[PDB]
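Shown next: data19.cif, given as mmCIF, C-alpha atoms.
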data_query
#
loop_
_atom_site.label_atom_id
_atom_site.label_comp_id
_atom_site.auth_asym_id
_atom_site.auth_seq_id
_atom_site.Cartn_x
_atom_site.Cartn_y
_atom_site.Cartn_z
CA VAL G 1 -87.46 85.19 89.20
CA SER G 2 -87.28 86.64 92.73
CA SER G 3 -89.17 86.84 96.02
CA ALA G 4 -88.68 90.59 96.43
CA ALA G 5 -91.51 93.10 96.21
CA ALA G 6 -92.49 94.83 92.98
CA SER G 7 -90.12 97.52 91.70
CA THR G 8 -91.55 100.88 90.64
CA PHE G 9 -89.96 103.15 88.05
CA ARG G 10 -90.98 106.38 86.31
CA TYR G 11 -89.65 106.99 82.81
CA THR G 12 -87.71 110.23 82.37
CA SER G 13 -88.24 110.61 78.61
CA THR G 14 -90.99 109.84 76.12
CA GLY G 15 -91.05 107.50 73.13
CA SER G 16 -90.89 103.70 73.12
CA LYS G 17 -88.99 101.80 75.81
CA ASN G 18 -88.09 98.10 75.80
CA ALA G 19 -88.46 96.54 79.24
CA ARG G 20 -85.93 93.76 78.70
CA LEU G 21 -85.48 90.50 80.61
CA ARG G 22 -82.34 88.56 79.74
CA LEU G 23 -80.66 85.32 80.77
CA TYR G 24 -76.87 85.37 81.12
CA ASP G 25 -74.42 82.48 81.30
CA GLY G 26 -70.99 82.63 82.92
CA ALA G 27 -69.58 84.50 79.92
CA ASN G 28 -72.42 87.08 79.99
CA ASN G 29 -73.86 85.84 76.69
CA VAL G 30 -77.56 86.31 75.96
CA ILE G 31 -79.39 82.98 76.19
CA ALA G 32 -83.07 83.92 76.36
CA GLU G 33 -84.52 87.38 75.84
CA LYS G 34 -87.96 88.90 76.42
CA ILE G 35 -89.03 92.39 75.31
CA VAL G 36 -92.07 94.34 76.51
CA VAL G 37 -92.83 97.57 74.66
CA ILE G 38 -93.84 100.50 76.88
CA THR G 39 -95.18 103.61 75.13
CA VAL G 40 -94.37 106.73 77.16
CA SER G 41 -96.50 109.55 75.71
CA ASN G 42 -96.84 112.90 77.46
CA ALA G 43 -99.69 114.14 75.26
CA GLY G 44 -103.32 114.31 76.34
CA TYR G 45 -102.78 116.96 79.04
CA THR G 46 -105.32 119.80 78.99
CA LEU G 47 -104.60 122.94 81.03
CA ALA G 48 -107.42 125.47 81.39
CA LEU G 49 -106.86 128.94 82.84
CA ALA G 50 -109.01 132.07 82.90
CA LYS G 51 -109.41 135.29 84.88
CA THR G 52 -112.31 135.54 87.32
CA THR G 53 -112.52 139.34 87.30
CA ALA G 54 -114.28 140.70 84.21
CA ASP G 55 -114.47 144.45 84.83
CA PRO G 56 -111.57 146.70 83.73
CA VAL G 57 -108.79 145.56 86.05
CA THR G 58 -107.03 148.28 88.05
CA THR G 59 -103.70 148.09 89.85
CA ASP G 60 -105.48 148.68 93.17
CA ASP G 61 -107.61 145.53 93.08
CA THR G 62 -106.40 141.92 93.16
CA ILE G 63 -106.93 139.87 90.01
CA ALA G 64 -107.90 136.23 90.56
CA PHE G 65 -107.78 133.25 88.20
CA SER G 66 -109.60 129.94 87.86
CA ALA G 67 -107.38 127.11 86.63
CA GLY G 68 -107.66 123.38 86.12
CA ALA G 69 -105.68 120.39 84.88
CA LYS G 70 -106.99 117.25 83.19
CA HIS G 71 -105.64 114.20 81.38
CA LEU G 72 -107.31 111.83 78.95
CA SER G 73 -106.76 108.61 80.91
CA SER G 74 -103.89 109.11 83.39
CA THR G 75 -104.59 109.58 87.11
CA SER G 76 -101.16 110.38 88.55
CA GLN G 77 -100.04 113.20 90.83
CA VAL G 78 -98.37 116.04 88.92
CA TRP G 79 -96.80 119.37 89.90
CA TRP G 80 -97.81 122.89 88.91
CA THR G 81 -96.33 126.38 88.97
CA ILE G 82 -97.70 129.83 88.16
CA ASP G 83 -95.94 132.84 86.64
CA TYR G 84 -97.34 136.38 86.75
CA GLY G 85 -94.51 137.85 84.67
CA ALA G 86 -92.01 138.01 87.54
CA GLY G 87 -91.14 134.30 87.63
CA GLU G 88 -92.36 130.96 88.90
CA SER G 89 -93.15 129.96 92.46
CA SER G 90 -90.06 128.28 93.89
CA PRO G 91 -91.84 125.22 95.40
CA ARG G 92 -93.76 123.28 92.76
CA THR G 93 -97.24 122.61 94.14
CA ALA G 94 -98.53 119.05 94.07
CA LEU G 95 -101.78 118.30 92.24
CA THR G 96 -103.81 115.11 92.66
CA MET G 97 -105.20 113.85 89.35
CA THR G 98 -108.34 112.27 90.78
CA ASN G 99 -110.55 113.23 87.82
CA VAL G 100 -109.72 112.01 84.31
CA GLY G 101 -111.43 111.69 80.95
CA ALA G 102 -113.78 114.53 80.04
CA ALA G 103 -115.78 114.95 83.26
CA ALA G 104 -114.13 117.95 84.93
CA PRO G 105 -110.52 119.15 85.25
CA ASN G 106 -109.08 119.15 88.76
CA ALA G 107 -109.23 122.72 90.04
CA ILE G 108 -106.41 124.84 91.45
CA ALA G 109 -107.37 127.10 94.35
CA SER G 110 -105.92 130.35 95.72
CA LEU G 111 -104.73 131.81 92.41
CA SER G 112 -104.62 135.59 92.72
CA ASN G 113 -102.15 138.45 92.51
CA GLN G 114 -101.87 142.22 92.90
CA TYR G 115 -100.27 143.96 89.92
CA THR G 116 -98.31 147.04 90.98
CA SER G 117 -97.83 148.39 87.45
CA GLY G 118 -100.18 148.76 84.51
CA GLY G 119 -100.20 147.75 80.88
CA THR G 120 -100.30 144.32 79.24
CA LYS G 121 -99.77 141.51 81.77
CA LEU G 122 -99.68 137.78 81.07
CA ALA G 123 -100.22 134.85 83.43
CA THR G 124 -98.74 131.45 82.59
CA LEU G 125 -99.67 128.17 84.28
CA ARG G 126 -97.32 125.22 83.82
CA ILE G 127 -97.55 121.57 84.86
CA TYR G 128 -94.56 119.22 85.17
CA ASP G 129 -94.35 115.48 85.72
CA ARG G 130 -91.65 115.59 88.42
CA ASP G 131 -91.10 117.87 91.40
CA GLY G 132 -88.28 120.39 91.15
CA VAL G 133 -87.50 120.11 94.86
CA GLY G 134 -84.20 118.36 94.15
CA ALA G 135 -81.91 118.37 91.15
CA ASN G 136 -84.61 116.43 89.30
CA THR G 137 -86.67 118.62 86.94
CA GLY G 138 -89.12 116.57 84.92
CA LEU G 139 -90.39 117.34 81.45
CA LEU G 140 -92.82 120.24 81.13
CA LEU G 141 -96.05 118.28 80.81
CA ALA G 142 -98.06 121.28 79.62
CA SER G 143 -98.33 125.06 79.75
CA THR G 144 -100.82 127.81 79.00
CA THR G 145 -100.82 131.60 78.97
CA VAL G 146 -103.59 134.20 79.24
CA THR G 147 -102.96 137.89 78.55
CA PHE G 148 -104.96 140.92 79.66
CA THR G 149 -104.59 144.65 80.17
CA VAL G 150 -104.65 146.46 83.52
CA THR G 151 -105.38 150.18 83.65
CA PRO G 152 -102.76 152.01 85.74
CA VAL G 153 -103.84 154.57 88.32
CA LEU G 154 -102.60 158.05 87.43
CA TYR G 155 -101.97 160.89 89.87
CA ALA G 156 -102.67 164.57 89.24
CA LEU G 157 -101.16 167.45 91.19
CA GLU G 158 -102.52 170.79 92.38
CA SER G 159 -99.95 173.36 93.48
CA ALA G 160 -100.04 176.82 95.00
CA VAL G 161 -97.82 179.29 96.84
CA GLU G 162 -99.16 181.14 99.87
CA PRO G 163 -97.63 184.36 98.52
CA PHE G 164 -98.26 184.20 94.77
CA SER G 165 -94.87 185.84 94.14
CA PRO G 166 -92.34 184.81 96.82
CA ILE G 167 -90.55 187.94 97.98
CA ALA G 168 -86.77 187.61 98.02
CA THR G 169 -85.42 186.68 101.47
CA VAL G 170 -88.99 185.93 102.58
CA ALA G 171 -90.38 182.47 103.36
CA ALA G 172 -93.08 181.07 101.07
CA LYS G 173 -95.40 178.12 101.67
CA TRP G 174 -95.83 175.70 98.77
CA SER G 175 -99.11 173.80 99.13
CA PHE G 176 -99.67 170.56 97.21
CA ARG G 177 -102.67 168.27 96.80
CA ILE G 178 -102.82 164.88 95.07
CA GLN G 179 -105.80 163.64 93.04
CA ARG G 180 -106.14 159.94 92.23
CA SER G 181 -107.66 158.96 88.89
CA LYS G 182 -109.42 156.07 90.66
CA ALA G 183 -110.88 156.13 94.16
CA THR G 184 -108.82 154.03 96.55
CA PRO G 185 -110.57 150.85 97.74
CA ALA G 186 -112.06 150.77 101.21
CA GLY G 187 -109.70 149.73 103.98
CA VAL G 188 -106.63 150.92 102.04
CA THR G 189 -104.94 154.16 103.10
CA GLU G 190 -102.24 155.49 100.77
CA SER G 191 -99.20 157.18 102.33
CA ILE G 192 -97.04 158.80 99.64
CA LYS G 193 -93.67 160.31 100.56
CA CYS G 194 -92.98 163.41 98.47
CA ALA G 195 -89.85 165.55 98.09
CA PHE G 196 -89.91 169.06 96.64
CA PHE G 197 -87.10 171.06 95.04
CA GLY G 198 -87.37 174.83 94.74
CA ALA G 199 -85.13 177.05 92.66
CA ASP G 200 -83.63 178.54 95.85
CA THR G 201 -80.93 175.92 96.40
CA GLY G 202 -79.98 175.64 92.73
CA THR G 203 -79.30 171.89 92.99
CA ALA G 204 -81.87 169.16 92.38
CA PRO G 205 -81.69 165.36 92.70
CA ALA G 206 -80.79 164.11 89.22
CA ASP G 207 -81.17 160.44 90.21
CA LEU G 208 -84.31 158.47 91.04
CA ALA G 209 -82.70 156.91 94.11
CA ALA G 210 -81.64 160.40 95.20
CA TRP G 211 -85.26 161.54 94.89
CA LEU G 212 -86.39 158.53 96.93
CA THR G 213 -83.83 159.31 99.64
CA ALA G 214 -84.96 162.95 99.69
CA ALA G 215 -88.58 161.84 100.04
CA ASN G 216 -87.62 159.53 102.91
CA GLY G 217 -85.17 162.13 104.25
CA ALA G 218 -85.70 165.11 106.51
CA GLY G 219 -86.58 167.40 103.60
CA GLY G 220 -89.53 165.24 102.62
CA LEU G 221 -93.14 165.04 103.72
CA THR G 222 -95.97 162.50 103.69
CA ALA G 223 -99.41 162.80 102.10
CA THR G 224 -102.10 160.49 103.47
CA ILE G 225 -105.21 159.72 101.41
CA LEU G 226 -107.95 157.90 103.29
CA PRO G 227 -109.80 154.86 101.89
CA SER G 228 -112.67 155.52 99.48
CA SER G 229 -111.45 159.06 98.82
CA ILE G 230 -110.12 160.75 95.68
CA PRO G 231 -108.19 163.74 97.12
CA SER G 232 -105.30 163.87 99.59
CA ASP G 233 -104.21 166.00 102.53
CA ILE G 234 -102.47 169.31 101.91
CA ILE G 235 -98.66 169.19 101.94
CA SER G 236 -96.80 172.37 102.89
CA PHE G 237 -93.12 173.04 102.19
CA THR G 238 -91.58 176.26 103.50
CA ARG G 239 -88.85 177.63 101.23
CA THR G 240 -86.87 180.88 101.22
CA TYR G 241 -85.54 182.50 98.04
CA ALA G 242 -82.75 185.07 97.82
#

Hey, can you dump this file as structure tokens for me?
Amino acid sequence: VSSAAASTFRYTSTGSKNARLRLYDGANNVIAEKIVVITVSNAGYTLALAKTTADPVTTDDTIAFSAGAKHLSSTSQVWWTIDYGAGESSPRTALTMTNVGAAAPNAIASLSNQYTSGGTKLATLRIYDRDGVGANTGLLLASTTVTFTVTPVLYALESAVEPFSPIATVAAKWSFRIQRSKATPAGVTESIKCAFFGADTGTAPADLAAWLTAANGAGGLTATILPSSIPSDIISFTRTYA
């Protein structure tokens, strides 16, 4: 029918398609017609995902995952994205579907994240047929989700006043120490900026952002806790009451 090279197409939707070859006269009437049925089925995609770390996960450590993608008989490059509860990675990452059948799913490397907060966290791995680089966003080939709990790290406070009863119009030294429920991992030093409000001024920051500004402001101090240590350095605020 032509001397041109073969033409390649990828079907957007699933179902049954009718590759149709037609012969047209001058009046665009069908003379001869040939139909080839193409079955576009997106099933048969297996997505495995699990967490490597098995001990009670803390917010200090980094939780890593092992993930893989497999198809029954299709060896075609797909795209994958990962969501840790905050959204999906903006560039879809290409995956080569070298292995098929039931031998071994193709693995996905460098899957890890650090969870700032605690509680129940879920990780969802999704695979799409087409890259989302452009306006094209192919059908979601498959998805999976694994949920787990992470124990948050709680902070306890020890407080004292250098004079136990601050004399009116006399300076008093508030001393503060911070205890961490879990020892900080080695190589990680924690610098926490703290702001204190005494009853002398009579006005306290009623807003969280105001407290943050006070901590980062002049009337705030910094407590440094060294790696592999529970306690913190003593923090001393001098305040005068009238």

Near-range 94-108 of chain G list (12 Å; all atoms listed in the file; drop same-chain fewer than 2 positions) as a ChimeraX atom specification: /G:44-50,64-82,91-92,110-112,125-133

Selection above as a file: C-alpha atoms, as a PDB file, in the frame of the given file:
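Final file, out.pdb:
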ATOM      1  CA  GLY G  44    -103.320 114.310  76.340  1.00  0.00           C
ATOM      2  CA  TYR G  45    -102.780 116.960  79.040  1.00  0.00           C
ATOM      3  CA  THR G  46    -105.320 119.800  78.990  1.00  0.00           C
ATOM      4  CA  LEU G  47    -104.600 122.940  81.030  1.00  0.00           C
ATOM      5  CA  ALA G  48    -107.420 125.470  81.390  1.00  0.00           C
ATOM      6  CA  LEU G  49    -106.860 128.940  82.840  1.00  0.00           C
ATOM      7  CA  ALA G  50    -109.010 132.070  82.900  1.00  0.00           C
ATOM      8  CA  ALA G  64    -107.900 136.230  90.560  1.00  0.00           C
ATOM      9  CA  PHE G  65    -107.780 133.250  88.200  1.00  0.00           C
ATOM     10  CA  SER G  66    -109.600 129.940  87.860  1.00  0.00           C
ATOM     11  CA  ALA G  67    -107.380 127.110  86.630  1.00  0.00           C
ATOM     12  CA  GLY G  68    -107.660 123.380  86.120  1.00  0.00           C
ATOM     13  CA  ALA G  69    -105.680 120.390  84.880  1.00  0.00           C
ATOM     14  CA  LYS G  70    -106.990 117.250  83.190  1.00  0.00           C
ATOM     15  CA  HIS G  71    -105.640 114.200  81.380  1.00  0.00           C
ATOM     16  CA  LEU G  72    -107.310 111.830  78.950  1.00  0.00           C
ATOM     17  CA  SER G  73    -106.760 108.610  80.910  1.00  0.00           C
ATOM     18  CA  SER G  74    -103.890 109.110  83.390  1.00  0.00           C
ATOM     19  CA  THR G  75    -104.590 109.580  87.110  1.00  0.00           C
ATOM     20  CA  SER G  76    -101.160 110.380  88.550  1.00  0.00           C
ATOM     21  CA  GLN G  77    -100.040 113.200  90.830  1.00  0.00           C
ATOM     22  CA  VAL G  78     -98.370 116.040  88.920  1.00  0.00           C
ATOM     23  CA  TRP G  79     -96.800 119.370  89.900  1.00  0.00           C
ATOM     24  CA  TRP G  80     -97.810 122.890  88.910  1.00  0.00           C
ATOM     25  CA  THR G  81     -96.330 126.380  88.970  1.00  0.00           C
ATOM     26  CA  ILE G  82     -97.700 129.830  88.160  1.00  0.00           C
ATOM     27  CA  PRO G  91     -91.840 125.220  95.400  1.00  0.00           C
ATOM     28  CA  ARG G  92     -93.760 123.280  92.760  1.00  0.00           C
ATOM     29  CA  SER G 110    -105.920 130.350  95.720  1.00  0.00           C
ATOM     30  CA  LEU G 111    -104.730 131.810  92.410  1.00  0.00           C
ATOM     31  CA  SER G 112    -104.620 135.590  92.720  1.00  0.00           C
ATOM     32  CA  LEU G 125     -99.670 128.170  84.280  1.00  0.00           C
ATOM     33  CA  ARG G 126     -97.320 125.220  83.820  1.00  0.00           C
ATOM     34  CA  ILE G 127     -97.550 121.570  84.860  1.00  0.00           C
ATOM     35  CA  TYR G 128     -94.560 119.220  85.170  1.00  0.00           C
ATOM     36  CA  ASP G 129     -94.350 115.480  85.720  1.00  0.00           C
ATOM     37  CA  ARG G 130     -91.650 115.590  88.420  1.00  0.00           C
ATOM     38  CA  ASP G 131     -91.100 117.870  91.400  1.00  0.00           C
ATOM     39  CA  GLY G 132     -88.280 120.390  91.150  1.00  0.00           C
ATOM     40  CA  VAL G 133     -87.500 120.110  94.860  1.00  0.00           C
TER      41      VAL G 133
END

Please evaluate the PyMOL selection byres ((chain G and resi 61) around 12) against the displayed coordinates and give the resulting residues as a PDB file with C-alpha atoms, keeping the file's coordinate frame.
ATOM      1  CA  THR G  53    -112.520 139.340  87.300  1.00  0.00           C
ATOM      2  CA  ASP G  55    -114.470 144.450  84.830  1.00  0.00           C
ATOM      3  CA  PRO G  56    -111.570 146.700  83.730  1.00  0.00           C
ATOM      4  CA  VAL G  57    -108.790 145.560  86.050  1.00  0.00           C
ATOM      5  CA  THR G  58    -107.030 148.280  88.050  1.00  0.00           C
ATOM      6  CA  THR G  59    -103.700 148.090  89.850  1.00  0.00           C
ATOM      7  CA  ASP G  60    -105.480 148.680  93.170  1.00  0.00           C
ATOM      8  CA  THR G  62    -106.400 141.920  93.160  1.00  0.00           C
ATOM      9  CA  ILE G  63    -106.930 139.870  90.010  1.00  0.00           C
ATOM     10  CA  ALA G  64    -107.900 136.230  90.560  1.00  0.00           C
ATOM     11  CA  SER G 112    -104.620 135.590  92.720  1.00  0.00           C
ATOM     12  CA  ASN G 113    -102.150 138.450  92.510  1.00  0.00           C
ATOM     13  CA  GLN G 114    -101.870 142.220  92.900  1.00  0.00           C
ATOM     14  CA  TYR G 115    -100.270 143.960  89.920  1.00  0.00           C
ATOM     15  CA  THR G 116     -98.310 147.040  90.980  1.00  0.00           C
ATOM     16  CA  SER G 117     -97.830 148.390  87.450  1.00  0.00           C
ATOM     17  CA  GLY G 118    -100.180 148.760  84.510  1.00  0.00           C
ATOM     18  CA  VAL G 150    -104.650 146.460  83.520  1.00  0.00           C
ATOM     19  CA  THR G 151    -105.380 150.180  83.650  1.00  0.00           C
ATOM     20  CA  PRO G 152    -102.760 152.010  85.740  1.00  0.00           C
ATOM     21  CA  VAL G 153    -103.840 154.570  88.320  1.00  0.00           C
ATOM     22  CA  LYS G 182    -109.420 156.070  90.660  1.00  0.00           C
ATOM     23  CA  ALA G 183    -110.880 156.130  94.160  1.00  0.00           C
ATOM     24  CA  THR G 184    -108.820 154.030  96.550  1.00  0.00           C
ATOM     25  CA  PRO G 185    -110.570 150.850  97.740  1.00  0.00           C
ATOM     26  CA  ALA G 186    -112.060 150.770 101.210  1.00  0.00           C
ATOM     27  CA  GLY G 187    -109.700 149.730 103.980  1.00  0.00           C
ATOM     28  CA  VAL G 188    -106.630 150.920 102.040  1.00  0.00           C
TER      29      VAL G 188
END

Output check: residues returned by the PyMOL selection byres ((chain G and resi 19) around 9), as a list in words: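 This file, filtered by the PyMOL selection byres ((chain G and resi 19) around 9), leaves residues 17, 18, 20, 21, 34, 35, 36, 37 and 38 of chain G.
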
Between CA of residue 209 in chain G and CA of residue 223 in chain G, distance in Å (one decimal):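 Separation of CA of residue 209 in chain G and CA of residue 223 in chain G: 19.4 Å.
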
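Taking CA of residue 241 in chain G and CA of residue 198 in chain G as the two end points, the separation is 8.5 Å.
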
Mind working out the centre and edge lengths of an axis-aligned box for range 146-158 of chain G, all listed atoms inside, 4 Å added to each side, rounded to one decimal in Å and written as JSON?
{"center_x": -103.3, "center_y": 152.5, "center_z": 85.5, "size_x": 12.2, "size_y": 44.6, "size_z": 21.8}

Spatial neighbours of residue 157 in chain G, 7 Å, only C-alpha atoms, chain gap at least 5 places, as a VMD selection string: chain G and resid 176 to 179

N, CA, C and O atoms of range 181-201 of chain G, written as a PDB file, in the first residue's frame:
ATOM      1  N   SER G 181      12.731  11.687  74.511  1.00  0.00           N
ATOM      2  CA  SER G 181      12.246  10.339  74.787  1.00  0.00           C
ATOM      3  C   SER G 181      13.102   9.280  74.107  1.00  0.00           C
ATOM      4  O   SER G 181      13.227   8.161  74.617  1.00  0.00           O
ATOM      5  N   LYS G 182      13.700   9.611  72.966  1.00  0.00           N
ATOM      6  CA  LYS G 182      14.583   8.705  72.247  1.00  0.00           C
ATOM      7  C   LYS G 182      15.922   9.392  72.025  1.00  0.00           C
ATOM      8  O   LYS G 182      15.970  10.577  71.684  1.00  0.00           O
ATOM      9  N   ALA G 183      17.004   8.645  72.229  1.00  0.00           N
ATOM     10  CA  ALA G 183      18.335   9.188  72.001  1.00  0.00           C
ATOM     11  C   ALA G 183      18.513   9.558  70.536  1.00  0.00           C
ATOM     12  O   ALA G 183      18.157   8.789  69.640  1.00  0.00           O
ATOM     13  N   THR G 184      19.059  10.746  70.296  1.00  0.00           N
ATOM     14  CA  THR G 184      19.271  11.203  68.932  1.00  0.00           C
ATOM     15  C   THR G 184      20.299  10.314  68.234  1.00  0.00           C
ATOM     16  O   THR G 184      21.258   9.858  68.865  1.00  0.00           O
ATOM     17  N   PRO G 185      20.120  10.035  66.945  1.00  0.00           N
ATOM     18  CA  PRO G 185      21.090   9.191  66.239  1.00  0.00           C
ATOM     19  C   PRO G 185      22.434   9.881  66.098  1.00  0.00           C
ATOM     20  O   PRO G 185      22.533  11.111  66.090  1.00  0.00           O
ATOM     21  N   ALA G 186      23.481   9.063  65.997  1.00  0.00           N
ATOM     22  CA  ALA G 186      24.835   9.587  65.888  1.00  0.00           C
ATOM     23  C   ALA G 186      24.988  10.424  64.626  1.00  0.00           C
ATOM     24  O   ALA G 186      24.404  10.121  63.582  1.00  0.00           O
ATOM     25  N   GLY G 187      25.776  11.491  64.730  1.00  0.00           N
ATOM     26  CA  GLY G 187      25.972  12.407  63.630  1.00  0.00           C
ATOM     27  C   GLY G 187      24.886  13.444  63.457  1.00  0.00           C
ATOM     28  O   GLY G 187      24.967  14.250  62.521  1.00  0.00           O
ATOM     29  N   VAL G 188      23.876  13.455  64.321  1.00  0.00           N
ATOM     30  CA  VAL G 188      22.771  14.402  64.240  1.00  0.00           C
ATOM     31  C   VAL G 188      22.751  15.211  65.528  1.00  0.00           C
ATOM     32  O   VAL G 188      22.522  14.658  66.611  1.00  0.00           O
ATOM     33  N   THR G 189      22.984  16.514  65.410  1.00  0.00           N
ATOM     34  CA  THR G 189      22.911  17.438  66.533  1.00  0.00           C
ATOM     35  C   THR G 189      21.634  18.251  66.403  1.00  0.00           C
ATOM     36  O   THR G 189      21.356  18.804  65.333  1.00  0.00           O
ATOM     37  N   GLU G 190      20.857  18.323  67.479  1.00  0.00           N
ATOM     38  CA  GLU G 190      19.571  19.009  67.444  1.00  0.00           C
ATOM     39  C   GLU G 190      19.711  20.385  68.080  1.00  0.00           C
ATOM     40  O   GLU G 190      20.116  20.502  69.242  1.00  0.00           O
ATOM     41  N   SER G 191      19.377  21.423  67.319  1.00  0.00           N
ATOM     42  CA  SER G 191      19.402  22.801  67.793  1.00  0.00           C
ATOM     43  C   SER G 191      17.969  23.317  67.827  1.00  0.00           C
ATOM     44  O   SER G 191      17.371  23.572  66.777  1.00  0.00           O
ATOM     45  N   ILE G 192      17.425  23.475  69.029  1.00  0.00           N
ATOM     46  CA  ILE G 192      16.034  23.868  69.224  1.00  0.00           C
ATOM     47  C   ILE G 192      16.004  25.301  69.737  1.00  0.00           C
ATOM     48  O   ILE G 192      16.662  25.627  70.733  1.00  0.00           O
ATOM     49  N   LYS G 193      15.248  26.157  69.057  1.00  0.00           N
ATOM     50  CA  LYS G 193      15.149  27.561  69.433  1.00  0.00           C
ATOM     51  C   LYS G 193      13.925  27.751  70.319  1.00  0.00           C
ATOM     52  O   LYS G 193      12.795  27.511  69.883  1.00  0.00           O
ATOM     53  N   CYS G 194      14.149  28.162  71.562  1.00  0.00           N
ATOM     54  CA  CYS G 194      13.091  28.274  72.554  1.00  0.00           C
ATOM     55  C   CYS G 194      12.880  29.725  72.964  1.00  0.00           C
ATOM     56  O   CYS G 194      13.839  30.500  73.074  1.00  0.00           O
ATOM     57  N   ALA G 195      11.619  30.080  73.199  1.00  0.00           N
ATOM     58  CA  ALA G 195      11.228  31.393  73.687  1.00  0.00           C
ATOM     59  C   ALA G 195      10.416  31.221  74.963  1.00  0.00           C
ATOM     60  O   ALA G 195       9.494  30.397  75.017  1.00  0.00           O
ATOM     61  N   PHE G 196      10.757  32.005  75.980  1.00  0.00           N
ATOM     62  CA  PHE G 196      10.117  31.936  77.283  1.00  0.00           C
ATOM     63  C   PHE G 196       9.332  33.211  77.549  1.00  0.00           C
ATOM     64  O   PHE G 196       9.750  34.304  77.154  1.00  0.00           O
ATOM     65  N   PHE G 197       8.194  33.062  78.219  1.00  0.00           N
ATOM     66  CA  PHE G 197       7.364  34.179  78.645  1.00  0.00           C
ATOM     67  C   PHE G 197       7.156  34.074  80.148  1.00  0.00           C
ATOM     68  O   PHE G 197       6.609  33.078  80.634  1.00  0.00           O
ATOM     69  N   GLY G 198       7.607  35.090  80.879  1.00  0.00           N
ATOM     70  CA  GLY G 198       7.356  35.187  82.296  1.00  0.00           C
ATOM     71  C   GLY G 198       6.193  36.117  82.577  1.00  0.00           C
ATOM     72  O   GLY G 198       5.801  36.921  81.737  1.00  0.00           O
ATOM     73  N   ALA G 199       5.643  36.005  83.784  1.00  0.00           N
ATOM     74  CA  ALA G 199       4.492  36.827  84.138  1.00  0.00           C
ATOM     75  C   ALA G 199       4.851  38.286  84.384  1.00  0.00           C
ATOM     76  O   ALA G 199       3.970  39.061  84.772  1.00  0.00           O
ATOM     77  N   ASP G 200       6.109  38.679  84.173  1.00  0.00           N
ATOM     78  CA  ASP G 200       6.503  40.063  84.414  1.00  0.00           C
ATOM     79  C   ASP G 200       5.886  41.002  83.386  1.00  0.00           C
ATOM     80  O   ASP G 200       5.319  42.042  83.741  1.00  0.00           O
ATOM     81  N   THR G 201       5.987  40.652  82.102  1.00  0.00           N
ATOM     82  CA  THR G 201       5.516  41.552  81.054  1.00  0.00           C
ATOM     83  C   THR G 201       3.995  41.637  81.031  1.00  0.00           C
ATOM     84  O   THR G 201       3.432  42.700  80.747  1.00  0.00           O
TER      85      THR G 201
END
